Amino acid sequence: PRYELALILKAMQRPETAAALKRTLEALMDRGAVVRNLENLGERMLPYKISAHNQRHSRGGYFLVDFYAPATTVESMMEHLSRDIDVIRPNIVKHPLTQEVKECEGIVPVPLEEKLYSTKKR
Amino acid sequence: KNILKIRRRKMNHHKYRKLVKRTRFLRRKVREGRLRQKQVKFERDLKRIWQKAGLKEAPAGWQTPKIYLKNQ
Amino acid sequence: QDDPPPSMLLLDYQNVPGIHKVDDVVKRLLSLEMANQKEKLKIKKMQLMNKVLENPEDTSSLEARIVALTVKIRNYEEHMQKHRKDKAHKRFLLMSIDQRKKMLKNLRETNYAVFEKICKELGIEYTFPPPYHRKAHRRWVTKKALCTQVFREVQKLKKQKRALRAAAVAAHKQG
Amino acid sequence: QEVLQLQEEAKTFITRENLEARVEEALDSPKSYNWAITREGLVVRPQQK
RNA sequence: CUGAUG
RNA sequence: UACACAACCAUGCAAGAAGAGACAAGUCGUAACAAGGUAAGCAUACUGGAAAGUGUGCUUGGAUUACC
RNA sequence: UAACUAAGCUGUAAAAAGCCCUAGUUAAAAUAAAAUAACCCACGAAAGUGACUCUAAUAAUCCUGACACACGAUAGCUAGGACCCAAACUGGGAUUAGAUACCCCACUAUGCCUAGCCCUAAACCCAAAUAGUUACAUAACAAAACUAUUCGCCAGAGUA
Ligand SMILES: [Mg+2]
Ligand SMILES: [Mg+2]
Ligand SMILES: [Mg+2]
Ligand SMILES: [Mg+2]
Ligand SMILES: [Mg+2]
Ligand SMILES: [Mg+2]
Ligand SMILES: [Mg+2]
Ligand SMILES: [Mg+2]
Ligand SMILES: [Mg+2]
Ligand SMILES: [Mg+2]
Ligand SMILES: [Mg+2]
Ligand SMILES: [Mg+2]
Ligand SMILES: [Mg+2]
Ligand SMILES: [Mg+2]
Ligand SMILES: [Mg+2]
Ligand SMILES: [Mg+2]
Ligand SMILES: [Mg+2]
Ligand SMILES: [Mg+2]
Ligand SMILES: [Mg+2]
Ligand SMILES: [Mg+2]
Ligand SMILES: [Mg+2]
Ligand SMILES: [Mg+2]
Ligand SMILES: [Mg+2]
Ligand SMILES: [Mg+2]
Ligand SMILES: [Mg+2]
Ligand SMILES: [Mg+2]
Ligand SMILES: [Mg+2]
Ligand SMILES: [Mg+2]
């Protein structure tokens, strides 16, 4: 996976969520991207009341879309997702797997710095 | 210590600023009078060129614009 | 201008066998379409070093460094054409141009044939640094224009006088 | 090896045919990424409850 | 809270 | 023979304008040297008889007394 | 900006002035700025930068080197836009013999965005760059004393 779409859909019914995800993935496939997988993180309580599309959202369904897309459609996908009233807050980031987990060496013992003052007798 | 000379330069600059504020327009008159003579000297130095080169009048298509009298 | 195709199959996945046997869904992800700008930079650098240079393995050569900096200069120009107020990239470009010109001077002083071929292939017009670097102000520009026009008028009137004298001599030698 | 691994991932991609299947699959198979840690350096997952 | 000079 | 021919400078004077300096003593305030009694100073802008005051950034050529 | 409650709210060592279209709670756009993380010291040539995400990208197979070129915080100017909040100036209320100041309230330019200028700082880490040494060696303090090639400066102070 290259990119990652965190989608926050409005709390709605099962066929409505299905159609919303269908049209979102259809738009992402029309914009020139192949969808790898889709993961539903469950309908949880929002940490804060989000106000979007003149609506006070208290809950929201979280979705995770990992895919590959060119660098020229990231803004177009965001502009398409922003105007959707069923989308509360969309986010397009890099997938955390493309950053290889470098070797966490550990707590390197750092000594106390010396030679900071002259040897003059006080 | 060094604040002596610092405050000395501060007082001198403050007095200079006050003098400029008190005699602002006289300084502008002097500046205009100097720029006028500057443009006149430039015009005469240009006119001397073709006269020492042999030309009686100025070359064709020569206007000699004002480079010092440019408005803000 | 160079136009890398979207299905270029970038160098990281080009020399390995079995690249044309996979399907289009895999080729399109292993191509330049889903790639970033650094991949296009690498592709342009490879395609320029394979056609302009003679030994692409000798990267430590001045002729190779000039091409590697020319690619970056053209990329920075492409960036400037979109971003006007970008000062850091503008300084990068203006200093990379000076470094490329210094290496061009060194190449011209070392090997004339390679320098002349690099210039003809890359379109870089090597200019000689004009001595007496001065800021041309309005007074100097006006006086130089006046002196040039005076010189032209003086030589024109002298040519006309010489023509009139030649005609008067030809009319006097005949009768 | 990277090309061969990507070839296997192309088998489970979402397409026009698999769209209606993957939608109803993800809407019925939720996932969770919450996992805590301990002072010794071991992880725990709330899926054991 | 404020209190100038030699 | 046909043209510019005191314009350009230098030397003195000038009705006058402004500044700097020394020159025992004045008038009006206390600006800084002590957290100089509002901590200073730099760039800049405004204001005030005056030293100066204030605003925006910047340095300590000041401390915050050091298991407090 | 609307709804409930009260005649009070803000304000200093103490008050006065100001507001009583005020004050508290519940909701609420637009603008400005970006708690803790930071006991971190990274990025960038410097000024500068630490609310989140995306694209581009951070020169030199790497010496020094201008009056040339390109940048250069805040503050200032021009045109258009924005204005919660703070505030040059200004108008009031305190204190003082006086206070056109430090204290309190209101308010403007301005701080905010785009385009174009101005190119200034205690632009200080007051310690120039390039590769090194711990040899001789404490004017004083401060950040210990120094090498080889350089660039730019330094001739008492005020006048400046
Ligand atoms: Mg003086
Ligand atoms: Mg005190
Ligand atoms: Mg005092
Ligand atoms: Mg004071
Ligand atoms: Mg004071
Ligand atoms: Mg006082
Ligand atoms: Mg002091
Ligand atoms: Mg101050
Ligand atoms: Mg000042
Ligand atoms: Mg004031
Ligand atoms: Mg005030
Ligand atoms: Mg001190
Ligand atoms: Mg009252
Ligand atoms: Mg508003
Ligand atoms: Mg913040
Ligand atoms: Mg650095
Ligand atoms: Mg580098
Ligand atoms: Mg150099
Ligand atoms: Mg305003
Ligand atoms: Mg206010
Ligand atoms: Mg007042
Ligand atoms: Mg401004
Ligand atoms: Mg500036
Ligand atoms: Mg600084
Ligand atoms: Mg210095
Ligand atoms: Mg001693
Ligand atoms: Mg140097
Ligand atoms: Mg002198």
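- Per the deposited record, the coordinates in this entry were obtained by cryo-EM to a resolution of 4.2 Å.

1. Thoughts on the interface of chain A and chain D
Frequently, the measure chosen for interface size is the accessible area that the parts lose on association.
Thought 1: Counting residues at the interface gives 19 residues for chain A and 19 residues for chain D.
Thought 2: Roughly 1900 Å² is buried in total at the junction of chain A and chain D, and carbon and sulfur atoms are behind 56% of that figure.
Thought 3: Linking chain A to chain D there are 5 salt bridges.
Thought 4: Across the pair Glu24(D) and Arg14(A) runs a salt bridge, and its minimum N-O distance is 2.3 Å.
Thought 5: Where the side of chain A that touches chain D is concerned, the elements lending two or more residues are α1 (14–30), β2 (34–52) and β3 (55–68) of chain A.
Thought 6: With 9 residues, the single largest contributor to the side of chain A that touches chain D is α1(A).

2. Quick notes on the packing of α1(A) against helix α2 (residues 19–26) of chain D
Thought 1: Viewed as axis vectors pointing N to C, α1(A) and α2(D) meet at an angle of 130°, and their least axial separation amounts to 10 Å. By the criterion of interaxial angle, the relationship of α1(A) to α2(D) is oblique. Judged by the sense of rotation from one axis to the other, the crossing of α1(A) with α2(D) is right-handed. Here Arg14(A), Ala18(A), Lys22(A) and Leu25(A) of α1(A) come into contact with α2(D), specifically with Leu19(D), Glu20(D), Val23(D) and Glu24(D).

3. Observations concerning the protein's contact with RNA strand F
Residue and element names in this part refer to chain B.
Thought 1: Near RNA strand F lie 13 residues; those nearest to it are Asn-2, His-14, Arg-22, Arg-44 and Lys-56.
Thought 2: In the interface set of RNA strand F, defined as its atoms within 4 Å of the protein, sugar plus phosphate atoms amount to 83%.
Thought 3: Note that a phosphate oxygen of RNA strand F is positioned 3.2 Å from one of the side-chain N or O atoms of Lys-18.
Thought 4: Between a sugar or linking oxygen of RNA strand F and a side-chain N or O atom of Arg-44, the distance comes to 2.6 Å.
Thought 5: Contributions of two or more residues to the surface near RNA strand F are made by α1 (2–22) and α2 (24–53).

4. Examining the sheet that holds strand β4 (residues 91–94) of chain A
Within a beta sheet, neighbouring strands are joined by backbone hydrogen bonds and run either parallel or antiparallel to one another.
Residues and elements named next belong to chain A.
Thought 1: Taken in spatial order, the 4 strands make up an open sheet running β2-β3-β1-β4, and their pairing is antiparallel. Each of the sheet's edge strands pairs with one partner strand only, and the pair in question is β2 and β4. Pairs of neighbouring strands in the sheet enclose a mean axial angle of 25°, with direction left out of account.
Thought 2: Bridge count for strand β1 (residues 3–9) against β3 is 7 bridges, and the pairing is antiparallel. Bridge pairing in β3 links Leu-5 to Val-65.
Thought 3: In the packing of helix α2 (residues 74–82) onto the sheet, the strands contacted are β1, β3 and β4, and the crossing angle to β4 comes to about 155°.

Conventions adopted
Numbers given for residues start from 1 on each chain and follow the written sequence, which can depart from the numbering in the entry; residues without coordinates are excluded. As they are written, the chains are lettered A onward and the ligands numbered 1 onward, keeping that order. The assembly from which these chains come is larger than what is shown, and the figures reported cover only the shown chains. Derived side-chain values reflect all non-hydrogen atoms in the structure, with water molecules and hydrogen atoms excluded from consideration. For this analysis, residues touch if any pair of their heavy atoms sits within 4.5 Å. Note: buried area is the sum, over both parts, of the accessible area (probe 1.4 Å) each one loses when the two are combined. Only one rule defines a salt bridge in this text: a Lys or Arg side-chain nitrogen within 4 Å of an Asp or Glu carboxyl oxygen. Working definition: helices are DSSP H or I runs of at least four residues, strands are E runs of at least two. Numbering for both runs from the N terminus. To get an axis, a line is fitted to the C-alpha atoms, and for a helix only the part in contact is used. The angle between two axes follows their N-to-C directions and goes from 0 to 180 degrees. Here the angle decides the label: under 35 degrees means roughly parallel, over 145 means roughly antiparallel, 65 to 115 means roughly perpendicular, and every other value means oblique. Should the near helix be turned counterclockwise from the far one by less than a right angle, the crossing is left-handed, whereas a clockwise turn marks it as right-handed. We call a residue near a molecule or strand as soon as one heavy atom of that residue lies within 4 Å of the molecule or strand. Each polar contact in these results corresponds to two N or O atoms within 3.5 Å; when the atoms are within protein, one needs to be able to donate a hydrogen and the other to accept it, and residues that are neighboring in sequence are counted only if both atoms are side-chain atoms. The rule for pairing is simple: two strands pair if DSSP sees at least two bridges between them.

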